[PDB]
Structure formats: structure tokens, C-alpha cells
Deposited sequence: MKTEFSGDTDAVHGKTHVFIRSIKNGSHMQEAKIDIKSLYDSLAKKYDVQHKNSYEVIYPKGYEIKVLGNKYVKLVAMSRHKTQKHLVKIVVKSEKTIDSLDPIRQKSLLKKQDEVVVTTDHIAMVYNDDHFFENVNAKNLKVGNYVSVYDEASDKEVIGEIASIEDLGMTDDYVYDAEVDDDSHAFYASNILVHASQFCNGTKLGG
């Protein structure tokens, strides 16, 4: 289980104790930027990074500390997951998608509605095997007990 490098996550960073910035950035960019600002560990096949003062949006529409982050090559297939949601505005239908490594069509998952800054229930609308990949895939470790974060608005472990 990892996510693709173009996965979007909501990140907050703090400097000098008192200043903070928040933005939506792709996970490969987060890794590449943060890999230079802070520095890399190495294990059997992980390059593992330990930032401080960075946070990520998780279950509960709250930011918790991002404790570590890593990237690695995997032999596993990338899978594109499309998740539909809708709201009563007269129905506005929305969908989001994330590609993961390794859940059933029809299952419900939590979804972040960015425009209304609230969490909604989504439906697994499709699942697609995109095949193997040579690119790095990425992993994030979160301090809250949900062990989950929002990945292109979809809650993933």
C-alpha cells in the first residue's frame, strides 16, 4: 500500500514557532522539496524522511503531525480508484480519484469536499488496474489513530 507521486495532500508547515503556511501540493513535490530542506534515511529499500513541524489533513478535517514520509519502488500494480459524491445544491455530482498499490466497488469511504470544507460519504465508483510501474510510490505516516490521510480528497491508509 502506497500512493502515486501525483497524489494531492493538504499540508501545513510552521517556522519559528509562530508562523504557518498551508497549501495543497503533490506528494512527489512534497518529498522532493522536503527531501532537500530536511534529510533522508535509507533502509532495505525505503528512503525515509523525518520532517518536524509539518502536518497533514486527516480524518476529522483536522491537521495532525506528519511524523515520517517515504518513497520506494514497488513491483505491485497501480490501481486507479474513482470515488463519487454528490451534494444537494439541483443535485451537484462530484468524483475524485487516487491511484494506489496493492476493497470493492460499492463500498463507502470518507471524502473531503474542498469547496465546502467538510467531510462527506463517498461511493467506490470504479476500480482499475493500471499495471506495474518504474516510478517511485510514496507513503505517509500520521500521528492520529485513524492511520489515514486525505489523498486527492479521498481518505486512504
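- Missing C-alpha coordinates mark the following deposited-sequence intervals, in order: 1-9, 99-107, 121-140, 196-207.
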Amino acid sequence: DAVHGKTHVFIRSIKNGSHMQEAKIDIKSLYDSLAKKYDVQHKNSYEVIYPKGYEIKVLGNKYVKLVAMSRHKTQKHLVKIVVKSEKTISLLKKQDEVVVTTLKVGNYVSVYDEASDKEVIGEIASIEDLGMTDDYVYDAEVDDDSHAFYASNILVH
From here on, numbers count along this sequence of modelled residues.
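- Stretches 39-47 and 106-114 differ in mean C-alpha B factor, with the higher average recorded for 39-47.
- Higher mean CA B-factor, judged across 29-37 and 123-131 from the recorded values: 29-37.
- Of the candidates 72, 84, 77, 80, the one whose C-alpha carries the top B factor in the deposited record is 72.
- Remark: residue 88 belongs to the highest third of its chain, ranked by C-alpha B-factor as recorded.
- Annotation for residue 61: C-alpha temperature factor in the lowest third relative to the rest of the modelled chain, per the entry.
- Per-chain ranking of the deposited C-alpha B factor places residue 21 in the middle third.
- Among all modelled residues in this chain, the alpha-carbon of residue 156 has a temperature factor (C-alpha) in the middle third.
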